[PDB]
Every structure is written in C-alpha cells, then in structure tokens.
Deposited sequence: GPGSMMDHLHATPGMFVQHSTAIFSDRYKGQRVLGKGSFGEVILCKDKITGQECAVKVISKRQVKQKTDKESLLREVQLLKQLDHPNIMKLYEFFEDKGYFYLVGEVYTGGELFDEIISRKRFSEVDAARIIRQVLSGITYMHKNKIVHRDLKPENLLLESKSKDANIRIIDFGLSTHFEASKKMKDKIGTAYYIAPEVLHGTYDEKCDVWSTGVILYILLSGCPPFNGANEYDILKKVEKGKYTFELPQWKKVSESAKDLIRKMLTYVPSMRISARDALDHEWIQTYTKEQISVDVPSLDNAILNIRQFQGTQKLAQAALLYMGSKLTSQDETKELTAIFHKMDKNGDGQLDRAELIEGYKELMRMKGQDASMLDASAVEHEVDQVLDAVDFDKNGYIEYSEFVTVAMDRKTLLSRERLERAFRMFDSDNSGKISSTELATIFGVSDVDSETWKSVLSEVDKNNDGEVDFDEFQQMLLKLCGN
C-alpha cells in the first residue's frame, strides 16, 4: 500500500549485494539516511509465499543486536522488493584488516566474538544466514574500534541464490557441506564462521581449488589441515575451536553459543601475542585476487548490458525521429530514456521519473544529436565498472611491475570460472608473441574478447 519512492530519494549507489543493488537513500521528510536493497522480482525467484516473507520481515524489523544490521522498512511494488535499513560506512571487514600494520589472535578473537555474538542472537530467534562470508561483514563506521555488522540474515530462506559467477565470487569457500546436499539448520553458520576464522589466522581458505567446482569438491569431502608454516605461531586453543566449528556432521558441530564460551574466545578477548604477518600478507593477496576476478566479471557484464542498451536506445530514438534529421528535443530524450527502463526494467539508480530526468540533464550538459546522447549516456553506465577494473588490476599488481604472469592469469580466471583453453586462445589473438605475462591493456583486451568483442 505504501510507495517506496514517495518516502525516499536515492542519493548515491552503495554497490552490488546478494539479490540486488544497494542504494544510499534519504527520507524526504525526516532526512534519515538509509541503505536500501532493491531486489528485482524478474531476476530473483522467491522460495516462499508472500505471507511467509511478510511474517519474517515483521520479525526481522523487531530484532536488535549490535552485530546485526538493523532493518527499518519493507516495500513491494509490481516488479521489486525494497529492504530499507541502517547504513554502515566502515566498509568490508577484510578491506580494513589489509590496511592495518599488525594483526594478532587478539584482533581475530575480537572479530569472531562479535560475529558469534550476532549469530547466537539470531539463532535464538530461529533465523539462519546460510551465506555468511567476509563480504557480509561490514564495519559500522570508519573508526578503528567500530563494531562488525552482519548483513543479509534471513534472506536466503526467501530468495533463490544466483547461478551467475559474477554473483557467486567467494561463496564456495564458506558454504557448509550440508547446504550442498539440502538438509541444513542453523549449524551451517558455525561452519561458515569456522572458515572465516581459519582465513583470519592463516590468510588461506581451508577448502581451496583452481575453480568453483574444485572448491566445492574439497568442501563436500570436508578434509583440511593446519600443515602451513603460518599455523606454527597460532595457539592450540584457536585450532581446537576451528576443529569444533569445522566438524562435518552438524549435530556434532559446536553451537554458536558454545563457541563464545570456548577457551580461545575467553582468553584472547580479556600470554605472548605476536603479529600474524604471513597471515596479513596472504589475506591481502587473497583479497586482491577475489576483487580482480569480481571486477573482471562485472566489466564483461556491464559491456554486454551496454551493447544491449546502446542498440535498444538507438532504435527507440530512431522511431521517435519524425523527419529523420538525427536530432531530438529534451522532452523526447526523457520519453525514450524512460521507455528504455520501462521495457528493460527500472534501474536501481533511477528510482523514479525525477531521477531519470536528472540523468538526462547530466548527459545534455556534456552533449540535439541523439547518437551523441546515446554514447555519453551509456559510457556513464560503464564508468564505475571500467575504473573498478583498472583499480583492481593495480591493487593486484602489488610489486607495481605493470604486468600479471600466466600463473596469476590462471588463478584470476580460475576464480572467475573462465575455462583455461578459452582464455589462452583469447590471449593468442590479443598478442601473438605473448611472453607469459600481460599488461593492463592486454588484460582488458582479453576480457573484451571473452564477452564477444
């Protein structure tokens, strides 16, 4: 009954999350800022009925814990769901960890106590996460003492997971084996936390592989070891907790509540404690790899979307061109730009007609010839993905060599799920005399060829 766009105005894009885009919105009356997740009904299938989702939303809005994202409102229209809640500005936990100079078991214990405290509270209220991963751990604010906030508790119960690799990066490392076979309960979140803890103390995923399916095979077998040099400096109580959290049979696995009472959490959140330097280095490399694979898939996705929309907007304006002089008025360009989103679905950044008019005004200030309007309007859509790709390449290239080796390409394309023979074939066409490494432009050329260009 209540309309989302009548209450809130979209201010900035916050980024892509599970099931949808996240937008920084502001209440038009009170000035309250909020983070809004927009879920497209045509792209995301519902697992439950309308009344089951309404009942969970009503419960989720009443729950309150300092390590759980606060939900404020919920809206639904013909084609979307709008989940409105509190905005957190500290970024992803792992992006803050790689910025600091030192990281010890005290820092890892304080992180995991917060995550376990939030999970314990949500399990007492019969809510399961299922998709707990570092990307769902946000820091409340930019301060070094900020609490961790878990986002997306309870959503996996009501929305089906995306099958596209651009939406599944990192997910295979943390998923509990019982989730893969279909019988699972709240203990799956203890397993996921166990994996995160293993990565915080060693910087290496316990279940790894050269591609998504190889990771899932290791997860399904459930076997892992503490046979890496970096585990020698870690306490025995930490390894005991990980062992209890990564116990295969969920009825034998420790509960979130009992993981809080574990000796490791009690000792390290209240006796020599060195900095886990090799772990930080490995987390920094792991984070850079995941972000570059993700940036590569989103670059290819936005390039295909841009090609689709460039051609559709050209056809719309060509039909609207009454005399065929290649030119149109501002009012006509709004009509055609609105027509594009009416058929291709509403864009998260274009919440209502007023947002569409402002986007058209920004393009008209740079450039009337409708072909020029199309080019500038579509380059603005890809801007973020192109600069994210170059920035992620530069971050991955930690020695500033300007190049990425074939072994690094194999790792990146493995995480991106691009077949080995497919990317090597593309590399041969970009540079016929390739010498086992590519610069940024050659890498970008490879991605353009990997999406039909």
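- Stretches of the deposited sequence absent from the structure, as judged by C-alpha coordinates, are 1-20, 291-294, 392-398.
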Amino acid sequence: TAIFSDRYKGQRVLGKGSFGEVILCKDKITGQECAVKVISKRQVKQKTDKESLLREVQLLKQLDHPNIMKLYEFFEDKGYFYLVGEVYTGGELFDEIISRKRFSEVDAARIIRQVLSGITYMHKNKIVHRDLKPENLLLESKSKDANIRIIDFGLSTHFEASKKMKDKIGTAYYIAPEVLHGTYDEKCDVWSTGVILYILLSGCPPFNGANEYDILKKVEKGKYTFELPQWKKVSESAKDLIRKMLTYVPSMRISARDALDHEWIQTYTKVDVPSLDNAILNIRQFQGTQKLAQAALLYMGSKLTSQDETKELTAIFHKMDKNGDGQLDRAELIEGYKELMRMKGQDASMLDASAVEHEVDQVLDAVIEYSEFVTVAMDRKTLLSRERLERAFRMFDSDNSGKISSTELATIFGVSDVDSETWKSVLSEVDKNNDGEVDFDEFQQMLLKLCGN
From here on, numbers count along this sequence of modelled residues.
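If you superpose the two forms and keep the largest set of C-alpha atoms that fall within 1.5 Å, you have the rigid core.
- Superposition on the core shows that, in 9 other deposited structures of this protein, the C-alpha atoms drift more in one of 440-448 and 16-24; this is 440-448.
- Of the two segments 287-295 and 180-188, the one whose CA positions lie farther from the displayed form in 9 other deposited structures of this protein, once all are superposed on the rigid core, is 287-295.
- Not even a third of the other compared entries skip residue 144; each one keeps it along with the residues on either side.
- Among the other PDB entries of this protein that were compared and that flank it with modelled residues, residue 368 is left unmodelled in a third or more.
- Of the two segments examined, 240-248 and 319-327, it is 319-327 that shows the higher average Cα temperature factor in the deposited entry.
- If you average the C-alpha B-factors over 138-146 and over 182-190, the higher value belongs to 138-146.
- When the C-alpha B factors of 116, 161, 348, 204 are read from the deposited coordinates, the top value falls at 348.
- Take 353, 108, 151, 283 and read off each C-alpha B-factor from the entry; 353 has the highest.
- For residue 11, the recorded CA B-factor ranks within the middle third of the chain. Only modelled residues enter the ranking.
- Residue 73: CA B factor lies in the lowest third for its chain, per the PDB record.
- Per-chain ranking of the deposited C-alpha B factor places residue 370 in the highest third.
- When the CA B factors of the chain's modelled residues are split into thirds, the value for residue 225 lands in the middle one.
- Ranked within its chain, residue 175 lands in the lowest third, by CA B factor from the PDB record.
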